[PDB]
């Protein structure tokens, strides 16, 4: 057979450009690596825009004679090139798509010298460069690498296909790809239970499929296709799922039934480390998206992302939008050629993930460009008749070659501007935008963001308007049948170029911060889930008397699953239901507590003094939830929150750990400006500042495991707080 085999241990990293054949000397690392570890805010950002060599050593194996030996690189940013005992074996410019390097014909006995060039700089013949970008690219080898040892005659990709997916007698078709002719053979699998099999050169088929269940956002049922080549014993497997995803102007319909998309954009970027984050860490994002913020769709801003991520979206029933790399700029016809190669490299790679339902074949917010775009549109339409074609824009009146008019609607809010008559309007009617009163399939890919930046620690009062603005929009969409869904700007706070942000190198556009800890808006999104799916009730305050203008906590937003919510404090008491008279169209509108339900006279015409409080949620009058606010919060618990207490002896893993400063009854302390000093022992490295600074009463950190067994042990100290510790076992 074959032996696909990770090989991320034992790489030599060196700042610069070294003679490729002489044993390189430099620092020793395990992949994924990120060449230039950054601060959190206020940094150079070009620091990384330079040369870097990595190297690896591989001894001949008596076991490999006349078998191929290839390095699959899952990815590396950017302008890449590969050597083998000093001979160049692949140049691959794009820093998002993978590439193979064949070693065979330059391996000699004993150890051999594989060498790798990275130039991490904004090389305008490589997309997405040659102008500004509101996101950072970093550099290094930031994805996996795999030592494959393949037979001569062997198997390089397959497309699995689903004609009449909603037949009770389902159907499966496979197009293998190979290096010579010869019988190809294959096996449908559900767990270890063999469902079917066929045999043949060309398109293998299986039909009349009694007994299988459909992939969905509820039910992510996956199935597997083993492929063998009889005449060399090569074998491979591909997962896929049975599902339909139509974009008819009347709406979007999965598997027949219609479905309004809620959703958020996601970068693959972390603090300090950039894109050097592996299977686990990635697997998280997706999980948080689907569950925490309960979206039925993600979009990959503004490139292809990790296979690991896309795997995960498959496994948890989360829809996807996947876009070629770009950010509003087009270069010359050379670059257009380059750009049209990514389309190929992108779709070919991910034409089997059932999660992906649409493709992005426009550069982000670019002008029209008939002659180019014609190409990309043509190109996927052939590479994949199955998934619908789409692109992104922010002008109205565009040259829709694409199947679905996928716009960014930043109308909220321009009442604000001094020249504007348009009364504050959340989204536009579809034909203002589309330039055709002919109905067409229509989605909104981003909104808000730079329109209303909102920092972790921004005033109680601001973070209200912030949340409300996410509601106003979600409520716009769900109302209009014309609009298939929405997708807000954005999932978390990212590092950017100097050109954007608060000039701190941060766009503060998340609903969670950069650690994936949620700011108040997270429970607009997270709160549209059903109670069956989990029970949600956050009030949107810190229960501070004179934190707001004037003071008190009214009006009060409670974000929730529940019929009703109880205000209880100072002797005063009210039940209140969700505010349809302001948010008809939301699945789970939130509760507003108002003059309507209370006056300042009931609390008692500002009878000075501040009293603790108590909120409860209700579900067919069964007291489901309860959140308490002390009137005088003192530091009590210095929380230490690893996502997991247990992990395997795995080097790849990046462990996210959160930290909170909590008052008596549990709530976070939102304004303690301070730094938590921390230690970490046993088989992780911390990544970043040993001193960690709170924002919103909170921060987090990742711990790049060393791959060896042990217990990891973690202090966190601050002279207001009893001395905190936590541990997890490794192996």
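Residue numbers count along the first chain shown, from 1.
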{"property": "Comparing 340 to 348 with 589 to 597, the one whose average Cα B-factor in the PDB entry is higher", "result": "589 to 597"}
{"property": "436 to 444 versus 397 to 405 - greater average Cα B-factor per the deposited record", "result": "436 to 444"}
{"property": "Candidate residues 571, 449, 278, 503, the one whose C-alpha B factor the record puts highest", "result": "571"}
{"property": "Top Cα B factor in the deposited entry, candidates 132, 636, 123, 639", "result": "132"}
{"property": "Lowest, middle or highest third - CA B-factor, residue 7", "result": "lowest"}
{"property": "For residue 24, the third of its chain into which the C-alpha B factor falls", "result": "highest"}
{"property": "Third of the chain, ranked by Cα B-factor, where residue 31 sits", "result": "highest"}
{"property": "Third of the chain, ranked by Cα B-factor, where residue 716 sits", "result": "lowest"}
{"property": "Third of the chain, ranked by Cα B-factor, where residue 63 sits", "result": "highest"}
